[PDB]
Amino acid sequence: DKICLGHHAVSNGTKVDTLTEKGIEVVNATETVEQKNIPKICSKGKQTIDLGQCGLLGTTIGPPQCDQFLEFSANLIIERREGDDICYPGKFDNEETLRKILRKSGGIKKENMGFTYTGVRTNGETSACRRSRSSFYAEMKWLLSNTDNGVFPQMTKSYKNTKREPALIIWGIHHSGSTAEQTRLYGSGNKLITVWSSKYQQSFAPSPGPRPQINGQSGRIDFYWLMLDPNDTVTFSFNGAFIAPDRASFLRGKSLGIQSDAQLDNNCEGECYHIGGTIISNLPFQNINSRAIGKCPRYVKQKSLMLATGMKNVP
């Protein structure tokens, strides 16, 4: 008698949107916006460095909390909220630029710059930097007058980069907590530090006086840096209030640097990271963290965008 044409259906359909209609029901649909976060740093197949208490910039100068990371190799570098670059208080000039460089460095290797000293002490120390006792930055030399209030001779030290890669060169300017302390460490009179290379030139003077205490100290050591090209030479000329580099840093290769609160997990594999962990997904979009880095879905504002994978559902 009769033959009829039809299509499948289900009672439990899924809502989607179209250009023409909001919440039309279809037989099946898939989510295109990732909401699933893994609360771990998934590091399977990656050489990681978990810096912990060591601030990334600290690796170059070596406060005690960075003693285990003075030379490190990694393709994933994790900065932690407790990380601190310094021990004796102070700051790095142009600090975020240097962080960006170090994050993608593949790690660092160190080489002695060959400076030796006569007519001054080399063993400046502080309770702010503790090892067995009062100590200092492992990669640096706190230069002082031979005796309290003694004359600090005008000095000049030069280092030529004889490698085929740029050398990261760090130095410090010490702002004493008082004029009396400055005169004691370095002798009385005006202190001037000049630094140049073929293309860099800058002069520095300490402004001594009491800052609020950090790590027990009212002085400050501010760090400056340059990338010294192959065959270029950096020259330091100073009469005190100068924190000299002992070693230069060289970059090792390539890496991704992340900031995270999440625990390492060597068992899961991932490419997209953020403060709260790893986004593992094949979806084109994500609504977890707009600042995620690595290889990530694109951040969108919407919670959900359902892609129809079936016909209109007509029960």
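Residues carry their position along the shown sequence, with the first being 1.
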* **Average Cα temperature factor in the PDB entry - higher stretch of 154-162, 133-141** => 154-162
* To do: Look over 305-313 and 4-12 in the entry and identify the one with the greater average Cα temperature factor.
  => 4-12
* **Selection from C54, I61, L251, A29 [criterion: highest C-alpha temperature factor in the record]** => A29
* Asked: Based on the PDB record, which member of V120, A128, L226, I243 exhibits the highest Cα temperature factor?
  -> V120
* Split the chain's modelled residues into thirds by Cα B-factor; is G257 in the lowest, middle or highest one? -> lowest
* Would you mind checking where the Cα B-factor of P208 ranks among the modelled residues of its chain, as the lowest, middle or highest third? => middle
* For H175, return the chain-relative third of its C-alpha B-factor as stated in the PDB record: lowest, middle or highest. => lowest
* **Assigned third (lowest, middle, highest) for the C-alpha B factor of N146** => highest
* Ranked by Cα temperature factor within the chain, is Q65 in the lowest third, the middle third or the highest third? -> lowest
